[PDB]
$ cat protein_30.cif   # mmCIF, C-alpha atoms
data_input
loop_
_atom_site.label_atom_id
_atom_site.label_comp_id
_atom_site.auth_asym_id
_atom_site.auth_seq_id
_atom_site.Cartn_x
_atom_site.Cartn_y
_atom_site.Cartn_z
CA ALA S 1 35.40 21.31 17.08
CA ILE S 2 34.09 22.99 20.25
CA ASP S 3 36.33 25.07 22.55
CA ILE S 4 35.21 25.25 26.20
CA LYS S 5 35.91 28.57 27.98
CA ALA S 6 34.93 30.07 31.35
CA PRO S 7 31.64 31.93 31.88
CA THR S 8 31.36 35.72 32.29
CA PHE S 9 31.49 37.09 35.85
CA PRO S 10 29.63 40.15 37.16
CA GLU S 11 31.25 43.14 38.91
CA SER S 12 31.35 41.84 42.51
CA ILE S 13 33.16 38.77 41.13
CA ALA S 14 36.01 39.14 38.61
CA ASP S 15 36.85 35.43 38.22
CA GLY S 16 35.66 31.89 39.04
CA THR S 17 36.94 28.51 40.27
CA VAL S 18 36.68 25.04 38.70
CA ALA S 19 34.52 22.59 40.68
CA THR S 20 35.63 19.01 39.94
CA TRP S 21 36.78 17.19 36.79
CA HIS S 22 34.76 13.95 37.08
CA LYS S 23 36.38 12.46 33.96
CA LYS S 24 39.72 13.38 32.34
CA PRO S 25 40.92 14.42 28.88
CA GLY S 26 41.77 11.39 26.71
CA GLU S 27 38.85 9.12 27.68
CA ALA S 28 35.46 8.28 26.14
CA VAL S 29 32.27 10.28 26.80
CA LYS S 30 28.54 9.88 26.06
CA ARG S 31 26.09 12.71 25.31
CA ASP S 32 23.83 13.38 28.32
CA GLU S 33 26.67 12.73 30.79
CA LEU S 34 28.19 15.28 33.21
CA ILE S 35 31.74 16.29 32.24
CA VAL S 36 32.90 19.08 34.58
CA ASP S 37 31.33 21.33 37.24
CA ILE S 38 31.99 25.08 37.61
CA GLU S 39 32.08 27.33 40.70
CA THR S 40 30.24 30.68 40.55
CA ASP S 41 29.66 33.41 43.15
CA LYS S 42 27.95 31.02 45.60
CA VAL S 43 26.38 28.37 43.34
CA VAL S 44 27.96 25.29 41.72
CA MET S 45 26.85 24.76 38.10
CA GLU S 46 27.32 21.63 35.97
CA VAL S 47 28.74 21.13 32.45
CA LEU S 48 27.33 18.21 30.44
CA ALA S 49 28.69 17.13 27.03
CA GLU S 50 26.50 17.98 24.02
CA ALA S 51 27.72 14.91 22.11
CA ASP S 52 30.18 12.00 22.41
CA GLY S 53 33.71 12.30 20.98
CA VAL S 54 37.25 12.67 22.35
CA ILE S 55 38.45 15.43 24.71
CA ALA S 56 41.74 17.19 23.89
CA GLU S 57 43.26 18.25 27.23
CA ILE S 58 42.43 20.37 30.30
CA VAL S 59 44.74 23.33 31.01
CA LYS S 60 43.06 24.34 34.29
CA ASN S 61 43.25 22.05 37.34
CA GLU S 62 40.58 21.47 40.01
CA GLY S 63 40.90 23.99 42.86
CA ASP S 64 42.24 26.68 40.49
CA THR S 65 40.63 29.95 39.36
CA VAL S 66 39.47 30.71 35.80
CA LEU S 67 39.14 34.16 34.18
CA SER S 68 36.55 35.13 31.53
CA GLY S 69 37.31 33.56 28.14
CA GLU S 70 39.62 31.18 30.04
CA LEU S 71 40.17 28.11 27.84
CA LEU S 72 39.71 25.07 30.10
CA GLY S 73 40.13 22.59 27.23
CA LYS S 74 39.03 21.77 23.66
CA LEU S 75 36.89 19.05 22.05
CA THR S 76 38.16 16.74 19.28
CA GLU S 77 36.41 15.55 16.10
CA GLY S 78 34.31 12.38 16.41
CA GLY S 79 33.57 9.65 13.84
#

$ encode --input "protein_30.cif" --output "structure tokens"
Amino acid sequence: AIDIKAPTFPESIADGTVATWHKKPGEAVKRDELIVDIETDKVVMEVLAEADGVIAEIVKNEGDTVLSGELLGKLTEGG
């Protein structure tokens, strides 16, 4: 499957913060559709799905911080 982890932060920043979980784990998704945003130093990035399937579960909650290699959730097998 595909495990989703947090991005790497520079020196000034030693962590990050989730942005907003548009959808939730346990629903349907479609490639080319936003899935979760991320918060960086001072810029909000976006995370789109690279293929439909079934999410597993999100361990981090919106408004929380995420460390490098932080597992935010995992993808399930499709088909």

$ atom_distance --input "protein_30.cif" --atom1 "CA of residue 77 (chain S)" --atom2 "CA of residue 37 (chain S)"
22.5 Å

$ residues_around --input "protein_30.cif" --residues "residue 27 (chain S)" --least-positions-apart "4" --cutoff "9 Å" --atoms "only C-alpha atoms" --output "JSON, numbers by chain"
{"S": [23, 54, 55]}

$ write_last_selection --input "protein_30.cif" --atoms "C-alpha atoms" --output "compact mmCIF listing (two decimals), keeping the file's coordinate frame"
# COMPACT_ATOMS: atom_id res chain seq x y z
CA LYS S 23 36.38 12.46 33.96
CA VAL S 54 37.25 12.67 22.35
CA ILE S 55 38.45 15.43 24.71

$ resolve_selection --input "protein_30.cif" --expression "the PyMOL selection byres ((chain S and resi 39-45) around 8)" --output "ChimeraX atom specification"
/S:13,16-19,37-38,46-47

$ axis_aligned_box --input "protein_30.cif" --around "region 15-24 of chain S" --padding-each-side "5 Å" --output "JSON"
{"center_x": 37.1, "center_y": 23.9, "center_z": 36.5, "size_x": 15.2, "size_y": 33.0, "size_z": 18.3}

$ resolve_selection --input "protein_30.cif" --expression "the PyMOL selection byres ((chain S and resi 79) around 12)" --output "MDAnalysis selection string"
chainID S and resid 51:54 76:78

$ atom_distance --input "protein_30.cif" --atom1 "CA of residue 61 (chain S)" --atom2 "CA of residue 30 (chain S)"
22.2 Å

$ atom_distance --input "protein_30.cif" --atom1 "CA of residue 68 (chain S)" --atom2 "CA of residue 14 (chain S)"
8.2 Å

$ closest_residue --input "protein_30.cif" --among "S:24, S:49, S:29, S:1" --to "residue 62 (chain S)" --atoms "all atoms listed in the file"
S:24

$ resolve_selection --input "protein_30.cif" --expression "the PyMOL selection byres ((chain S and resi 35) around 6)" --output "list in words"
residues 34, 36, 47 and 48 of chain S

$ write_last_selection --input "protein_30.cif" --atoms "C-alpha atoms" --output "JSON list (two decimals), keeping the file's coordinate frame"
[["chain", "number", "residue", "atom", "x", "y", "z"],
["S", 34, "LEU", "CA", 28.19, 15.28, 33.21],
["S", 36, "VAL", "CA", 32.90, 19.08, 34.58],
["S", 47, "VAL", "CA", 28.74, 21.13, 32.45],
["S", 48, "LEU", "CA", 27.33, 18.21, 30.44]]

$ residues_near_point --input "protein_30.cif" --point "(33.3, 32.3, 28.8)" --cutoff "9 Å" --atoms "all atoms listed in the file" --output "JSON, numbers by chain"
{"S": [4, 5, 6, 7, 8, 9, 67, 68, 69, 70, 71]}

$ closest_residue --input "protein_30.cif" --among "S:2, S:12, S:75, S:64" --to "residue 28 (chain S)" --atoms "all atoms listed in the file"
S:75

$ closest_residue --input "protein_30.cif" --among "S:20, S:72, S:10, S:33" --to "residue 57 (chain S)" --atoms "all atoms listed in the file"
S:72
